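This document opens with one chain alone, in structure tokens, the form deposited in one PDB entry.
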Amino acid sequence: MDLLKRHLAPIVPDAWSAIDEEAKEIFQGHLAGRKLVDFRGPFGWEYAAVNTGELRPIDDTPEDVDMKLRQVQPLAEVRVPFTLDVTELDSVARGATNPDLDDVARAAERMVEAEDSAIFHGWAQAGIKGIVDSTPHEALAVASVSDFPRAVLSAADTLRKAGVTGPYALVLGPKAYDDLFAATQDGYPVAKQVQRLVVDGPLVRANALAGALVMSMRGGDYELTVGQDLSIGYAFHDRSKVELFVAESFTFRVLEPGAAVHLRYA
């Protein structure tokens, strides 16, 4: 019996499989940050913090003693509750193939929002700095949907100016993806040109990213550490409802702040 306590839930194994599949497909579809940054872990429930290898001096020390404190980045544990109907889960045992698992998708996208919002725009209460809020480069102000094929090159230029090599991925927020994929130049494709621009770089949709972003896929620049990977656990149940949660433990580090350029309002 681990912390998920799944054997205590009034849920048949096939209903557990259905819940897990729903969450898994949502996560594989929507986790923007995980498909860009470098990935450490998972290390389990007792991994508490990432060792940075840095030391910080302590001022009030005697003359005969040199003392320094080791610097570490603690992980955040995130739990998103959701509820399911017990009868809907029971129907799986009678051969039902489409039980109502709406709240599973809701909780999974809430977890996706939490993780990607931390990765891109930081999370100050967790001591995390995002990719966007840590870049020293000036944010290109894109004026219209047709300025993107220019802007990216400019951003890419900046990346190779500062010394950041490697394929450059384009990350599009909600409006940017909508406007640049609902567009067509009288038959001639535009998004095809967009992928043609980036040298074997991926183009990814991030629902939590405001605006757009161009960032290196070189590696060693952005680091997501996961202690406990995305899991479904059981909390409680009444006669008719069962309370579950999505759980994860993670932290994110910006190793090289200059490997990305932000593109403002699409």
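If you superpose the two forms and keep the largest set of C-alpha atoms that fall within 1.5 Å, you have the rigid core. The first residue of the sequence shown is number 1, and the count goes up from there.
Just so you know, the form deposited in another entry exists too; it's not on screen, but the next bit is about it.
Core-superposed comparison between the shown form and the other one: the CA of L55 stays below a 2 Å shift. In the core-superposed comparison between the shown form and the other one, the C-alpha atom of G44 has shifted by less than 2 angstroms.
After superposition on the rigid core, the Cα of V199 moves by 2 Å or more between the shown form and the other one. Contraction of the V199-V204 CA spacing by 3 Å or more is recorded in the other entry, set against this form. Look at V199 and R205: in the other entry their Cα atoms come 3 Å or more closer than in this form.
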